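As a convention, Cβ positions derive from the backbone with ideal geometry for all residues, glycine included, and neighbour counts pool all protein chains shown. Derivation of every value follows stated rules applied to the coordinates shown; laboratory data play no part.
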Amino acid sequence: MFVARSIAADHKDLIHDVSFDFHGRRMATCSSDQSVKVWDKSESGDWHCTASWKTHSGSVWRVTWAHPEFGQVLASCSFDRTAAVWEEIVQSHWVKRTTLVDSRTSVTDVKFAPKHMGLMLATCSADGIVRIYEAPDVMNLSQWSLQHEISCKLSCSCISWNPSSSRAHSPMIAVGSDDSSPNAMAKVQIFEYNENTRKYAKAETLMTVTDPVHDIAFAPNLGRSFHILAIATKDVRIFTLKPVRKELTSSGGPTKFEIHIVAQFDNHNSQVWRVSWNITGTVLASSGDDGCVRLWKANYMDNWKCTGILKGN
Amino acid sequence: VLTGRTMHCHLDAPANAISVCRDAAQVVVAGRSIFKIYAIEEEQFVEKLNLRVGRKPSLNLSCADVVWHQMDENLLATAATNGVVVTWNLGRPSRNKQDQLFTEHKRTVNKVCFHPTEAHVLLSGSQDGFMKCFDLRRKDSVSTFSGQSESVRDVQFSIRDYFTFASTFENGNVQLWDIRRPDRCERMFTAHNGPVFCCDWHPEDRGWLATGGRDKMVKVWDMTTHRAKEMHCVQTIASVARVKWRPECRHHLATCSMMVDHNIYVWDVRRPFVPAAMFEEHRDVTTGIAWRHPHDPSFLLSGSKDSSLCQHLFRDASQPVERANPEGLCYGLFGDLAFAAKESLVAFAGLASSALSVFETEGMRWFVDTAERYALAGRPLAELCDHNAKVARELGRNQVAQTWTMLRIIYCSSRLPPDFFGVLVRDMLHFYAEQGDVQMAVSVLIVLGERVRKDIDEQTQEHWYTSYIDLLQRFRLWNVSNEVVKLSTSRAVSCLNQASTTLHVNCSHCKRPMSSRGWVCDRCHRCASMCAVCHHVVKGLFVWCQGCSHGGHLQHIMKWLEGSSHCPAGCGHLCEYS
Amino acid sequence: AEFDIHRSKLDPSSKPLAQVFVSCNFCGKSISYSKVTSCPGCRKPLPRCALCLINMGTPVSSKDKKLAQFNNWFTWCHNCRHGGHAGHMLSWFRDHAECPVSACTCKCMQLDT
Ligand SMILES: [Zn+2]
Ligand SMILES: [Zn+2]
Ligand SMILES: [Zn+2]
Ligand SMILES: [Zn+2]
Ligand SMILES: [Zn+2]
Ligand SMILES: [Zn+2]
Ligand SMILES: [Zn+2]
Ligand SMILES: [Zn+2]
């Protein structure tokens, strides 16, 4: 069983996002007090705050790390319709490197791309637009270019890249919505990049999901030949995507997939808020409105069963 | 109380100012080219009479601020852009209800205000840097207050006091004045960094004044003491244009911005970080906001530059706090789980705080231990298989040890066909790679070598190699990562290590580059690689400092710097500061 | 070494020993003394450690903190011209006896003794 340890954050408002770094030794927390804090652990195991600087003018929703090969880089999305890219410079000073302001509505989420694709960033706003920025020169973070923009016809709430590093899978991004209109429309759409046309195109759509979606997450591939996706809603859903063999006609359209749902859990008896995978993509952690965290794993017969329940305090 | 529903109407010209009567039945709207009064019914509003009478345009017609007298229901005042103030009397039977004109100002009159009780006193602040008082008794009404500052933006009477008013200036200063002593001001203080655009007294409190400027912050000031004290500060997303206390609520204020943003906000000062309510009806920049009835907190009125004026109901506003995500969750490389949740879900308002916890396991040490002691080359196949099997059995992974032993039996030898077991080996590799155990598959692939290399396509091999290398780098095991890269069977992975790892060195005496296989300068004929400590020629490893351009043998320099903090060449540079 | 320090402190006329210096591949200028891992002149990336695959670099200008630890200095084999960080290569040659770059046969640490 796990052992709990409380941390005194001293945030003047709600803590919205917590994210670990690449090496699992540093943590970043962004809150609604327009503040971001960085925590480092010591030999004793205690966590100490090492930086606390005001970043934006409105609430800060999401903050994420970049791969260490490019340096200590953070990206944050705010309610003031902006995204910011910060860097650490040597004491430890965090300096704003770039600001992206192309959005006209609240920026809902921001996430980095997998390393093998370069230094790319993806931001989804509340108006239903997902933009992809790229830095051609990794040594100059002050300049960025807008590569692609996609319209989803519905307000966006979360995005996720496909972390597969194989050369047989084109880059994929999944976008979820949190609309509550009475019309039972689709909520999860998956786009794929086409090398020939150099454009992202709609590839798949999950018609069985009609409730508002609060979070989605791909699972780390790490050698598999298909994809696993996890969706958080009034319940927890897990889907598997197996690409089909490409026809000899060599069609230039998006790759076709076979979609199956392999697990649907509703043990939280409430709105499930967050989902997250472990490092190896074998254990799923879900946190809902009950105030408890649940862990899920699958046996060798592909049956997903709960393995642990954790309670605060 | 007043009854109705949210309802919008379209004007013919952009609107710059709106005002309300005492009966909450008619609202006057004025702008650059619009001047009309409207009666709002339970279904919609309808114009009653426009003040744009006469086809001849006038500079006095371009009004920027209009106020409805709170004492008489037939008195209106307008401040034109030509530096003039016009009075309008609805009681006059003439179509042109203009009554009196005062051209005292020379610059644009920014704000005009009435007196709550006196129906014959008006105040005007203009761009001239002066403030003018006017008596409607048609007597000698000239009374000029010189603030000795930038242009005046807002001027307002107090509600409790009869003679006291306040003024804001574009320099960022607020002056409290009295009408009985025009000789000098009573209070003066810098409220904001930059110009201040709006101010308002608290409808119930007797010493609270709220101010707002371009600094995107609205702060409440207390005036009871000799020195004004700041109580609450709220940050918006744009330059704050106008602020109005909500009636019947002691800690609620509505705010409208001036640029960039179009939405109207309702804030509670006790929670200064998220808006209490939001209105997003308008599409252009909001210009005028006003509470309908001084004792009805239910309805609001707002006119914008899109020639649209709308009445909003508080219950119809959007609540961001009701739909905010209240939890954060993340995993760590060592099996740690970080979880931050709202205080209410775990156990003025207890919903404004959160608790952060980390859960730890008493998690994947077998991975590190296996990666550190496996053997991959330098010995015959049987020895490698036996060593790996023993190592696996040490950690309790019996099946892996059995797999290693069976591999040794299969390969390290009236016989079976020469390639009887190829399919089984390929399927075993796939099986071990399909469950995230890339380590075993990569180790087997490296050990077997060419005996199985041709049965697996290159893409899958590259995928496995990259995944294993990424995991090793995550756990910060550089030796094993480089060992895997060196012994890789894939061309790309083998070439991954040779990208820009060659250094160019030149002698500092002749400034010429040196060859790649010698230690003597071609032109200087000097041993350019003499260790600074032992004064011998260095053939192999050389450590160099970027500061003083000195160095030498790796171990010599390391040991020397363990004992002192000076460049051993005697240059004075502290190469490892402190 | 102590005598040399003393003499250099007292006598400014003495010129310290001359040794080698590193040069940028593109600009060709010295890199001795704006991200740290960039050439001061051309702003192009510097060589990268053969083990950590990260570009090398060091900030340039008593019971205090140390700006540039010894473990992050440049190290290279004077024959094979391959190199990286001090600590990484120290560990690698403590456990192995060959140049860490692929297709290199230099026994770099055995040359000096
Ligand atoms: Zn020379
Ligand atoms: Zn030496
Ligand atoms: Zn030196
Ligand atoms: Zn030095
Ligand atoms: Zn250069
Ligand atoms: Zn070498
Ligand atoms: Zn060498
Ligand atoms: Zn290194």
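Just a few scattered comments:
- In chain A, a dipole from Cβ-located charges (positive for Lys and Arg, negative for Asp and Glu) runs towards its positive end, and of A:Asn140, A:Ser57, A:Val262 it is A:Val262 whose Cα lies farthest in that direction.
- Magnitude of the charge dipole for the protein assembly as shown, about its Cα centre and with charges confined to Cβ atoms of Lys, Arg (+1) and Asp, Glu (-1), is about 2380 debye.
- Computed about the Cα centre, the dipole magnitude for the stretch B:496-578 is approximately 360 debye when only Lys and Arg (+1) and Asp and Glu (-1) carry charge, each at its Cβ.
- Of all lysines in the structure, those lying under 30 Å Cα to Cα from A:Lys12, and not within fewer than 8 positions of it along the same chain, are A:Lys37, A:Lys41, A:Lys54, A:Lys96, A:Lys111, A:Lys234, A:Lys311, B:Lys216, B:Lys219, B:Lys229, B:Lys244, B:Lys342.
- Neighbour-count ranking [beta-carbon atoms within 10 angstrom, fewest first] of B:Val368, B:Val447: B:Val368, B:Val447
- Two-decimal Rg to Rh for the stretch B:152-191 - Kirkwood Rh, Cα set: 0.96
- Using the Cβ-Cβ distance between C:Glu98 and B:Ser353 with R0 set to 60 Å, the FRET efficiency works out to roughly 0.55.
- Pairs beyond 25 Å (Cα-Cα), from A:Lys115/A:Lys202; B:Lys511/B:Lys559; B:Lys511/C:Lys44: B:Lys511/B:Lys559
- The mean number of Cβ atoms from other chains found within 10 Å of a Cβ in peptide B:118-129 is 0, as a whole number.
- Ranking B:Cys507, B:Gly540, B:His556 by Cα position along the charge dipole of the stretch B:502-561, where only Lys, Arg, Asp and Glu carry charges on their C-beta atoms, puts B:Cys507 farthest toward the positive end.
- Compactness relative to 2.2 N^0.38 Å, alpha carbon Rg of the stretch B:101-176: 1.05
- Order of B:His262, A:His93, C:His78 under a 10 Å beta carbon neighbour criterion, fewest first: A:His93, B:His262, C:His78
- Local net charge near A:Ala232, Cβ-Cβ under 13 Å (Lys/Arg +1, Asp/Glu -1): -2
- Reducing the stretch B:56-121 and the stretch B:377-391 to their Cα centroids gives an inter-centroid distance of 100 Å.
- Averaged over the residues of peptide B:553-566, the number of Cβ atoms from other protein chains lying within 10 Å of each residue's Cβ is 3.
- Exposure proxy for B:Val485, B:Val269, B:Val537: other Cβ atoms within 10 Å of each Cβ, ordered fewest to most, give B:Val537, B:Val269, B:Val485.
- For residues of C:65-71, the mean tally of beta carbons on other chains within 10 Å: 5
- Tail fraction, Cα-Cα pairs, the protein assembly as shown, threshold 49 Å, whole percent: 43
- Fraction of alpha-carbon pairs over 31 Å apart in chain B - percent: 68
- Projecting the Cα atoms of B:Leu429, B:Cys567, A:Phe239 onto the dipole axis of the protein assembly as shown, where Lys and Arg carry +1 and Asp and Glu carry -1 at the beta carbon, places B:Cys567 farthest toward the positive end.
- Using Cβ point charges alone (K and R +1, D and E -1), the dipole size of the stretch B:368-427 about the Cα centre works out to roughly 120 debye.
- Near A:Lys256: Cβ cut-off under 12 Å, other residues only, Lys/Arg at +1 and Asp/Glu at -1. The net charge is -1.
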